[PDB]
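Taking it in order: structure first as structure tokens, then the write-up.
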Amino acid sequence: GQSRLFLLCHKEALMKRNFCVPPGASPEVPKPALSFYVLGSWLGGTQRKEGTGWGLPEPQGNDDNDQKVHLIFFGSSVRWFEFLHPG
């Protein structure tokens, strides 16, 4: 198994959105779909599964880019909406 920790900062609303054309996909306009995304900051490197528990985190990437990530939720992952809160 693989894991990574992140701290939630702000959560957008849940509404119908029109996705972008995927890179290299067919030039067909996507149908509107229910989706939302959150903005969160990573707290460390990737952690590898170690039996029941998890191993020590890998060293954080020496990247000058800000430790910020966008997590786009859609499809069948929309069920996590009510379990996410800032802080």
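Can you pull out every residue in the stretch 38-59 that is over 30 Å from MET15 (Cβ atoms) and in contact with a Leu (Cβ under 7 Å, 6 or more places away or on another chain)? Step through it out loud before you land on a result.
If we filter the stretch 38-59 for residues that are over 30 Å from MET15 (Cβ atoms), which is where we start, we get 44-59.
Within the stretch 38-59, just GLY44 meets the criteria.
Rundown of residues vs (1) out of contact with any strand residue (DSSP E or B) (no Cβ under 8 Å at 6 or more places or on another chain); (2) not small (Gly, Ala, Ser), yes/no style:
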position: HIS10; (1), (2): no, yes
position: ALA13; (1), (2): no, no
position: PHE19; (1), (2): no, yes
position: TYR37; (1), (2): no, yes
position: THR46; (1), (2): no, yes
position: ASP63; (1), (2): yes, yes
position: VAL78; (1), (2): no, yes
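Answer yes or no as to whether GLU58 is among the acidic types (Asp, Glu) and surrounded by 12 or more Cβ atoms within 10 Å (Cβ to Cβ).
Details: among the acidic types (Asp, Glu): yes; surrounded by 12 or more Cβ atoms within 10 Å (Cβ to Cβ): yes.
It is true that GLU58 is among the acidic types (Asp, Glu) and surrounded by 12 or more Cβ atoms within 10 Å (Cβ to Cβ).
Against the condition surrounded by 10 or more Cβ atoms within 10 Å (Cβ to Cβ) and either of a type in the set (S, T, N, Q) or within 13 Å of the chain's Cα centre (by Cα) (or both), how does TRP42 come out, does it pass? Give the steps one after another, and end with the answer.
On the way: surrounded by 10 or more Cβ atoms within 10 Å (Cβ to Cβ): yes; either of a type in the set (S, T, N, Q) or within 13 Å of the chain's Cα centre (by Cα) (or both): yes.
Answer is yes for this residue.
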**Q.** Of all residues in the stretch 2-14 being in a loop (DSSP other than H, G, I, E, B) and of a type in the set (A, V, I, L, M, F, W, C), the one that is surrounded by the fewest Cβ atoms within 10 Å (Cβ to Cβ)
**A.** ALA13
Q.
Can you name every one of the strands (runs of 3 or more DSSP E) wholly within the stretch 15-87 that holds 2 or more residues which are without any contact (Cβ under 8 Å) to a residue 40 or more places away in the chain and not acidic (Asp, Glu)?
A. 15-17, 33-42, 69-73
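Throughout, read-outs are computed from the coordinates displayed, never taken from laboratory work. So basically every Cβ, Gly included, is an ideal-geometry build from the backbone, and we count neighbours across all protein chains shown.
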